[PDB]
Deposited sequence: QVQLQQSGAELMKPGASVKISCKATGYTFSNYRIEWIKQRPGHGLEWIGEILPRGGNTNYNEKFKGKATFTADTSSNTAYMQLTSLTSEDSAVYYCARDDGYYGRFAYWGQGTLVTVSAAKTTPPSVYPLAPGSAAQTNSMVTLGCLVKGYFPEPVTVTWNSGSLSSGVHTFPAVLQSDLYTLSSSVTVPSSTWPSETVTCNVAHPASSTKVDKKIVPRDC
């Protein structure tokens, strides 16, 4: 089948530039225009532009002009887009889509490519236990880490139901997240509850046992 596979998530410093790719398979690459769309939370979808790989004809959205540049290598069936002078407003999910040639419809889309613009430096998280002073709810506080993501498990995945891991929020240039688990009162003080936080970007994992507070 037709399939457009995009490059992996990119993480650039502000002012730098990036080159996203989109390799096409399952059809004649030269024939169909390749659209490039930007997605940011609460900003719908924005058409950056398009390129017809046969001859390289491009049409760019005026609001982008300067920032975006498109190329397509018909020998390797890959279309590229470059964004220059990066800013946090460029931090978005970028898709390549294919124009069917009729009704301006994009029948086949890429998986998306996350582009993140940050001046922050790779920092591992600080993990703190959240114990209380029926069912009992426990928690984990993951503070000051960059970049995303971190994966939070309870008892190495054993405890799966009753968990709520929340989306991360930027404290400053580093991220912060929390996760709650709720277990039957019987189970926690008696049998161990540990919080596992993994940060592949810094090659660090830390396990934190939720002990009751000392009196």
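No C-alpha positions are given for the deposited-sequence stretch 134 to 139, and it is the only one.
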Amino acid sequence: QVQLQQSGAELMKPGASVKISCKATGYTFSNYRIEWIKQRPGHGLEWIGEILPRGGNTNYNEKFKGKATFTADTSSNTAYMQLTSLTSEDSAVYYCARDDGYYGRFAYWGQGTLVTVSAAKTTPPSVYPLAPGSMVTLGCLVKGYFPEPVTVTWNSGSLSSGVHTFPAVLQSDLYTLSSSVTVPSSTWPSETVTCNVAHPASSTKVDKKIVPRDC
From here on, numbers count along this sequence of modelled residues.
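Once the C-alpha B-factors are averaged per stretch, 33 to 41 and 175 to 183 rank with 175 to 183 first. The stretch with the higher mean CA B factor, choosing between 21 to 29 and 192 to 200, is 192 to 200. Which of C96, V136, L83, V117 has the largest Cα B-factor in the deposited entry comes down to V136. Residue-level inspection of the entry shows that, of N57, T69, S156, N61, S156 has the top Cα B-factor.
For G144, the recorded CA B-factor ranks within the middle third of the chain. Only modelled residues enter the ranking.
Ranked by Cα temperature factor within the chain, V163 sits in the highest third according to the deposited record.
When the modelled residues of the chain are ordered by their C-alpha B factor, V127 lands in the middle third.
Ranked by Cα temperature factor within the chain, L52 sits in the lowest third according to the deposited record.
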